[PDB]
């Protein structure tokens, strides 16, 4: 939970992500370092939270905005921001799996 040091410091993430991410390829790419908004979720308190993805486990994304949120993948719908500022919308279900394990399909 060494995530608290990032609160108040999220500016460090600006311009850091280096991939060109699309709706086709996001399933295979780095989710860490992308800005994300949660457009829907089974848990009411998760809807509307925005920040950078700072970590990822099989069924969870750790997000830093105004505070740190641990949000589960499979019950949520995410709007990610690509480098040009366009938005990628995807159900979290499609992102289930360890970050390293997602490289293949």
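Residue numbers count along the first chain shown, from 1.
Asker: Looking only at CA atoms, which has the higher mean B factor in the entry: 4 to 12 or 96 to 104?
Answerer: Looking at the record's C-alpha B-factors, the answer is 96 to 104.
Asker: Taking the chain's C-alpha temperature factors as the reference, tell me which third residue 54 falls into: lowest, middle or highest.
Answerer: Lowest third, going by the recorded CA B-factors of the chain.
Asker: Please say which third, lowest, middle or highest, residue 37 falls into when its CA temperature factor is compared across its chain.
Answerer: CA B-factor rank for residue 37: highest third.
Asker: Quick check for you: using the entry's CA B-factors within this chain, is residue 29 in the lowest, middle or highest third?
Answerer: CA B-factor rank for residue 29: lowest third.
Asker: So where's residue 75 on the chain's Cα temperature factor ranking, which third?
Answerer: Middle third - that is where residue 75 ends up once the chain's C-alpha B-factors are sorted.
Asker: Going by the CA temperature factor in the PDB record, which third of the chain does residue 62 belong to: lowest, middle or highest?
Answerer: For residue 62, whose C-alpha B-factor we compare with every modelled residue in the chain, the answer is the lowest third.
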